[PDB]
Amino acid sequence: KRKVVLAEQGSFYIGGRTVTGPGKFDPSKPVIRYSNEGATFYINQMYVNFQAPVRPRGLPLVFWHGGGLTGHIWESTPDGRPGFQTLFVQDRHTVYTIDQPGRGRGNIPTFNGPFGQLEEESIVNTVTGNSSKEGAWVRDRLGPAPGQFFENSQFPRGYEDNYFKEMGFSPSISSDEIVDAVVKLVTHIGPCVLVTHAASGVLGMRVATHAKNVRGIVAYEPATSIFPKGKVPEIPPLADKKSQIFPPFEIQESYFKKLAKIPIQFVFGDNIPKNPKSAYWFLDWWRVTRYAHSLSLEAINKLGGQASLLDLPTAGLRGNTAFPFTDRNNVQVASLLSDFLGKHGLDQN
């Protein structure tokens, strides 16, 4: 249903730091002008929204959007059906949704001058990068080429404009500062579960190594693998003989071992090939990336962990894209998330 009853809701800012321009502020001179004189700027802060049900049961959930996205992807699907925010408030969890630093209602650090530049210091790069509709189409596995859909597709076809409009650029904020803001949120909230997506996968793993309050991770289609420092296994190049997946993130073993203390599930949708696919770069990228993640989870398990890989087709769900939580069967995807939380008692007080 669409009905939701909230004991309370709201939003707040957390994290970040300040930087300044030179000189002193004079309230008698024109305030609106091209200058950083006497100016203090808040940068790299994060936006957080929360919705709490009446009588919550179990741990709060923190939904962390993927690369170039915002908390919108947890609010509604492109065709207007309820997102995981509504579904999990109905499932009696308090739900936090974030816009990480650099995205959406999070801070974009720019000043008076060329983008990202505060006098002679470059806070973020002036040159940006960004995905396109065509690139996102194949990245998210709607189909093998733009305009084409896989046979089984759970994408909300007809709502392509709504979907692609939710995506945008990210300034070059360091990943350390993004992780820092979420660590501060986790400290503020208490024991919780991180639910991550694509680019935020590796970031949530890092947060968990810095914050014991992270009691579980569910990562949809994580984009970068993580390994103990020096211990990255052999990972093959892509079928084009030339490209590689994202360089795996390496952390000190004492931090990596903290991942063995909590339940971790990685979730993949459909249409990731089992064999090399030289004609379709992003399908082959997903094949090797998923392979790397299987090795990462094995390394966590070998250290005593509780890490698992869930392929949605093996659970009877066919046709999911890389955004299973906004696909047409997102209610069944949510059911599998509820199952994970129930298995580990994360839905009990």
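Throughout, we count residues from 1 along the sequence that is shown.
Stretch comparison (160 to 168 versus 245 to 253) by mean CA B-factor in the PDB entry places 245 to 253 on top.
Relative to one another, 118 to 126 and 194 to 202 have unequal mean CA B-factors, and 118 to 126 is the one with the higher figure. The maximum CA B-factor among the listed residues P60, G66, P324, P313, taken from the PDB record, is found at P313. Residue set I226, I235, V138, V207: peak C-alpha B-factor at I235 (per PDB entry). Among the modelled residues of its chain, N275 has a C-alpha B-factor that falls in the highest third according to the deposited record. In the deposited entry, the Cα temperature factor of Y42 sits in the bottom third of values across the chain's modelled residues. Remark: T70 belongs to the lowest third of its chain, ranked by C-alpha B-factor as recorded. In the deposited entry, the Cα temperature factor of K184 sits in the middle third of values across the chain's modelled residues. When the modelled residues of the chain are ordered by their C-alpha B factor, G230 lands in the highest third.
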